[PDB]
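What follows is a single chain, given as structure tokens, in the form deposited in one PDB entry.
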């Protein structure tokens, strides 16, 4: 059993919309720090404060505090505000105290759980820089070539100081997910002032630009990609207890054989508004179901050739997402319609995958009948499209 350590009202800055929203927050001794639209009447690692760095600031609002987290390879920040500096002090103190208690118990246990783990490869010059893939608040993602092997990777280069809080996340390659369609970490190293993550880069091209070229995917082809995405998100949800939050078509790549890769290239933005779930827009509470919304948008895009909700004006886009009922092309069939309307329920509690069953609900949906999920996981499904690359070093889809 987990104990509420401290609870109360806080103003929370929106993570996409940047208004201030009063929310009722519980800090628990397992490290969870979670906000609610109302004091709940009765656990995702996304909400953990363990391993955080705590900042006190006075901009844009007085008495604000920032929790900053490295989650896998991405820096995440949550910003809060209270009325009085005395209140801020009690909150930051409770948060620190909970975390310290987590560190102190982890290290005692692992100190005894040590079995010739008491033993004592790569640097920047090993790599050729090729292409900026993204920039963000605290770093950048670049396409590199490993000079010794000719192999291509994405390298994520982050400012060491925003992550580490006077001490110091290097054996992370040992915590790799055992899932084929997630992006695996190959190396992680640090420089004097940077922390670098070298991760796989699929060379079968961007699904965004395969879909653009082809206009639409058949229901069978979208079934294939959807099944692979579902397998990966099921793994994240149930083996890692984390939500992705970032499912969009541009984050989907194909490997040389045609299997999905979900990318891990996100950097801090302190946008793609068309993929945001309604509860994320309203900064209501969110959990595993936000990923099933994204699945719904991505597969609507695959089978219909356009977004379920779009407007060039972001404000009417948000209203469409929040308010408008989904329309389908007339040539779409009823198993696809049922899946998509279920994944795009606006109420996360009514959405397919939004119950205790999580991904099993989707896995059991009519649209996926006949899919052998063990074969999906094992890459025994035969891809409907093989990209035009010779080996894992044919740069067809970059150059």
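Residue numbers count along the first chain shown, from 1. Rigid core (definition): largest C-alpha set, two forms, superposition within 1.5 Å.
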- [ ] Note whether residue 239 lacks coordinates in a third or more of the other compared entries that model its flanking residues.
- [x] no
Open item on the list: Given that the flanking residues are present, does residue 291 go without coordinates in at least a third of the other entries of this protein?
Closed with: no
- [ ] Check the entry and tell me how many residues of the deposited sequence have no coordinates between residue 270 and residue 271: none, 1 to 3, 4 to 9, or 10 or more.
- [x] 10 or more
Open item on the list: Residues without coordinates, deposited sequence, stretch from residue 120 to residue 121: is the count none, 1 to 3, 4 to 9, or 10 or more?
Closed with: 4 to 9
- [ ] Pick between 216 to 224 and 102 to 110: the one whose mean CA B-factor in the entry is higher.
- [x] 102 to 110
- [ ] Report the stretch with the higher mean CA temperature factor, choosing between 371 to 379 and 12 to 20 on the basis of the entry.
- [x] 12 to 20
Task: Largest Cα B-factor, entry values, listed residues 74, 169, 251, 183 - done: 169
- [ ] Between 279, 128, 83, 206, let me know which has the highest C-alpha B-factor in the entry?
- [x] 83
TODO: Check where residue 306 lands among this chain's C-alpha B-factors and tell me if it's the lowest, middle or highest third.
DONE: lowest
Task: Third of chain Cα B-factors occupied by residue 54 - done: highest
Task: Chain-wide C-alpha B factor ranking for residue 161, given as lowest, middle or highest third - done: highest
- [ ] Compare the C-alpha B factor of residue 44 with those of the other modelled residues in its chain, then answer lowest, middle or highest third.
- [x] middle
TODO: For residue 354, return the chain-relative third of its C-alpha B-factor as stated in the PDB record: lowest, middle or highest.
DONE: middle
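Below, we refer to the form deposited in another entry, which is not included among the displayed structures.
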Open item on the list: Once the rigid core is superposed, exactly one of 242, 216, 82, 281 has its CA displaced by 2 Å or more between this form and the one not shown; which residue is that?
Closed with: 82
- [ ] Align both forms on the core first, then report whether residue 103 has a C-alpha shift of 2 Å or more between this form and the one not shown.
- [x] yes
TODO: For residue 198, state whether the C-alpha moves by 2 Å or more between this form and the one not shown after rigid core superposition.
DONE: no
Open item on the list: Taking the rigid core as the reference frame, tell me whether residue 358 has a CA displacement of 2 angstroms or more between this form and the one not shown.
Closed with: no
Task: in the other form, shift in Cα separation for residue 96 relative to residue 243, 3 Å or more - done: farther
Open item on the list: A 3 angstroms or greater change in CA distance between residue 279 and residue 70 is reported in the other form. Closer or farther than in this form?
Closed with: closer
